[PDB]
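We use all heavy atoms of the structure for the numbers below, so side chains are in, but hydrogens, waters and symmetry mates are not. Lettering of chains follows the sequences in order, A, B, ..., and the numbering in each one begins at 1.
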Amino acid sequence: XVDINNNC
Amino acid sequence: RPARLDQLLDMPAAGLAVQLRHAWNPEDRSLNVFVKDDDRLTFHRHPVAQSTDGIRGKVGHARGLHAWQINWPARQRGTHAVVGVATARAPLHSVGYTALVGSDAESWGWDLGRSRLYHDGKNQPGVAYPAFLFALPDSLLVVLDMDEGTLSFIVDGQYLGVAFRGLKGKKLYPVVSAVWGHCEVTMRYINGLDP
């Protein structure tokens with residue numbers, strides 16, 4: 001997970 | 001600080017029925033959020049990438065002074081955790097991660113992490129808030145004065161001043177916009193005063 005808004 | 005603010009706050013807070021009547025609206029939301037089965041005052045945001053999601057309260061305020069508490073765990077805020085008010089026209093969803101509440105003329109919001117106020121945010125720069133400055137705790141109060149046409153906030157018992165002006169004549173609903181996967185935001189209506 002790359003996503004920084006906990007959307008993975 | 002208005003005298004009416006303390007009069008509202010120092011009354012015993014509204015009971016469960018009133019809290020429920022003013023809670024998040026399951027009919028007025030981004031499809032990516034849902035009101036929890038075990039707690040009708042809290043929503044849960046599904047973990048959707050590149051999506052900003054909002055929900056309004058059930059009640060649109062036209063007159064009087066109103067306050068509600070937002071409980072938003074600091075670790076569940078992400079890049080844009082915005083708290084405020086909106087007309088019925090404010091979009092409740094955007095693609096990407098944005099300060100959706102406060103993005104156009106239909107909503108006014110305080111972006112919690114940036115400590116910035118947005119209104120017509122697509123065309124207008126954010127405003128530092130509080131004006132005296134600030135790490136935000138999990139809960140805050142939102143004070144909507146539909147008679148003065150103001151939006152204000154109370155953090156840790158401290159009145160932070162007027163955030164927005166020019167709200168009179170509008171029907172304004174509590175609103176938030178969230179970007180964090182699995183975030184849960186609770187809203188509890190405190191009380192209202194007549195004009």
Side-chain angles (χ1 to χ4, degrees), chain A, chain B residues 29-34 36 42-55 71-83 91-103 109-116 118 121 136 138 176-186:
Chain A
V2 169
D3 192 272
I4 46 71
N5 273 317
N6 202 48
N7 300 302
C8 301
Chain B
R29 62 180 168 89
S30 165
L31 286 152
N32 297 321
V33 307
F34 60 98
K36 285 170 77 190
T42 306
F43 75 77
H44 179 106
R45 182 184 169 280
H46 284 288
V48 187
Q50 302 295 329
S51 176
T52 303
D53 305 279
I55 179 165
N71 265 79
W72 194 332
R75 284 179 289 270
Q76 294 179 28
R77 285 168 186 178
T79 65
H80 295 290
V82 188
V83 178
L92 293 188
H93 174 77
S94 88
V95 298
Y97 299 133
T98 70
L100 176 71
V101 168
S103 60
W110 184 16
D111 201 330
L112 302 190
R114 247 155 268 255
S115 283
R116 270 170 197 167
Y118 296 100
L136 277 92
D138 291 355
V176 302
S177 58
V179 300
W180 186 265
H182 300 301
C183 73
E184 292 183 352
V185 191
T186 307

For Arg29(B), look at atom CZ and say whether over 12 heavy atoms of other residues, nucleotides or ligands are found less than 6.0 Å away.
yes

If one checks every heavy atom of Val48(B) against chain A at 4.5 Å, the contacting part turns out to be backbone

Find the N and O donor-acceptor pairs between chain B and chain A that sit under 3.5 Å apart.
{"from": "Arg45(B)", "atom 1": "NH1", "to": "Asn7(A)", "atom 2": "OD1", "distance (Å)": "2.8"}
{"from": "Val48(B)", "atom 1": "N", "to": "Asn7(A)", "atom 2": "OD1", "distance (Å)": "3.3"}
{"from": "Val48(B)", "atom 1": "O", "to": "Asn7(A)", "atom 2": "ND2", "distance (Å)": "3.3"}
{"from": "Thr79(B)", "atom 1": "N", "to": "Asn5(A)", "atom 2": "OD1", "distance (Å)": "2.9"}
{"from": "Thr79(B)", "atom 1": "OG1", "to": "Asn5(A)", "atom 2": "ND2", "distance (Å)": "2.9"}
{"from": "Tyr97(B)", "atom 1": "OH", "to": "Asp3(A)", "atom 2": "OD1", "distance (Å)": "3.3"}
{"from": "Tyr97(B)", "atom 1": "OH", "to": "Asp3(A)", "atom 2": "OD2", "distance (Å)": "2.6"}
{"from": "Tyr97(B)", "atom 1": "OH", "to": "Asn7(A)", "atom 2": "ND2", "distance (Å)": "2.7"}
{"from": "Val179(B)", "atom 1": "O", "to": "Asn7(A)", "atom 2": "ND2", "distance (Å)": "2.9"}
{"from": "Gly181(B)", "atom 1": "N", "to": "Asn5(A)", "atom 2": "O", "distance (Å)": "2.9"}
{"from": "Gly181(B)", "atom 1": "N", "to": "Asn7(A)", "atom 2": "OD1", "distance (Å)": "3.2"}
{"from": "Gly181(B)", "atom 1": "O", "to": "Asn6(A)", "atom 2": "ND2", "distance (Å)": "2.9"}

